[PDB]
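Only one chain comes next, encoded as structure tokens, the form deposited in one PDB entry.
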């Protein structure tokens, strides 16, 4: 069964189409049809001073092809056109072969800040020359069930200049599937007393870093010009303008901020659905956006003129998880993982990275062609046309006559739908 015409289906028809796809078990489908929410007693366990619950929309972005595997992505967003834009971009890019994505590394970085170090140079080399014992110390409670390529893998000391000067020790630990810093804090808590003794300094803090450069993930798409425009040869011009738009985000931070914001309309939507910490992802990615000395766009769009293809690519820190937190407490988050086929943490990271590039593509394509206002008043005319009882074959001629008028309401679509039937 295809997702064609899913645009124009009603809420009840969307749930029947999802049931036809057979993506959810009987229990999860029923849970979704009752619109089961996280209970107040559960929310009382996740947060403090809880006095109720707050609800947001829950949507589906279909036909997300990542590495030859197709997914139905769950979105949680309150902003109109975000889901429609990701769905439109996902369909086009699926026709172009889908996304290719990889996880370069998956390790979390912890750091211990030391200060009041008499000689940072000798302390740097003294701690460095005990790297083996320091990592052996950090690995002593995880000798084999973790020490199979996981565990504390690397350590190094660096002199960070400034006011004052800090001696920072970075530890690199294999994260596994859970969002548990229990691994990290066990290694940090034991290294702090030793690092103080080796450096003859004082420890300021031992904390995880959300600048997760040991968890980079890249996704890419390759779109033939013929897929960008129905017109003859104008798919190349749209491609040229999308590559220019990507260079603008590299040149002006005022554009980079908006460029990267559009990326995170989708990334945060799937991060919320899957119960992931979007503040950590937003921080690491936006810090990553200025790694070359200036805040620039997080994705690149270039032209392959000889193959006649538009190429998109984006690398971000994406240390997402599939266990822990609200994943096992929020029943709709568990349903979101089931919906995606229970992907691994690395597989989920490549799906999120792909929808962010898909979200970015739909924004740039609209900005450089029709504009972003046009696409905002076509979805209203569409939703108002469905509330007026229009069939699928008559939505399009009703939207053209509604969008023709400056202002239209439900009473406007109803009168026009009646003339269409007269």
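Only residues modelled in both forms are compared. Note that the rigid core is defined as the largest set of C-alphas that superpose within 1.5 Å between two forms. Positions refer to the first chain, counted from 1.
Comparing 361-369 with 380-388, the stretch with the higher mean C-alpha B-factor in the PDB entry is 380-388.
The PDB entry reports B-factors from which the mean C-alpha value can be compared for 178-186 and 306-314; the larger average falls on 178-186. Note on the listed residues 409, 21, 25, 12: the highest Cα temperature factor in the record is that of 409. Highest C-alpha temperature factor among 121, 95, 323, 332, as the PDB entry reports it: 121. In this PDB entry, residue 394 carries a Cα temperature factor that places it within the highest third of its chain's modelled residues. Remark: residue 200 belongs to the highest third of its chain, ranked by C-alpha B-factor as recorded.
Split the chain's modelled residues into thirds by C-alpha temperature factor. Residue 264 is in the lowest one. The PDB entry assigns residue 106 a C-alpha temperature factor belonging to the middle third of its chain's modelled residues.
Per the deposited record, the Cα B-factor of residue 282 falls in the lowest third when ranked against the other modelled residues of its chain.
Keep in mind that the form deposited in another entry is not shown, yet the notes after this line are about it.
Comparing C-alpha positions between the shown form and the other one after a rigid core fit, one residue in 40, 30, 387, 56 moves 2 angstroms or more. It is 387. When two forms of a protein are overlaid on their rigid core, residues whose CA moves 2 Å or more are considered shifted, and residue 370 is one of them between the shown form and the other one. Relative to the superposed rigid core, the position of the CA of residue 148 differs between the shown form and the other one by 2 Å or more. Relative to the superposed core, residue 139 shifts its CA atom by 2 Å or more between the shown form and the other one. Distance between the C-alpha atoms of residue 107 and residue 145: shorter by at least 3 Å in the other form than in the displayed form.
Compared with the form shown, the residue 255-residue 371 C-alpha separation increases in the other form, the change being 3 Å or greater. Considering only residues present in both forms and aligning them on the rigid core, one finds runs of three or more residues with C-alpha shifts of 2 angstroms or more between the shown form and the other one at 136-150, 179-183, 185-187, 230-233, 370-422.
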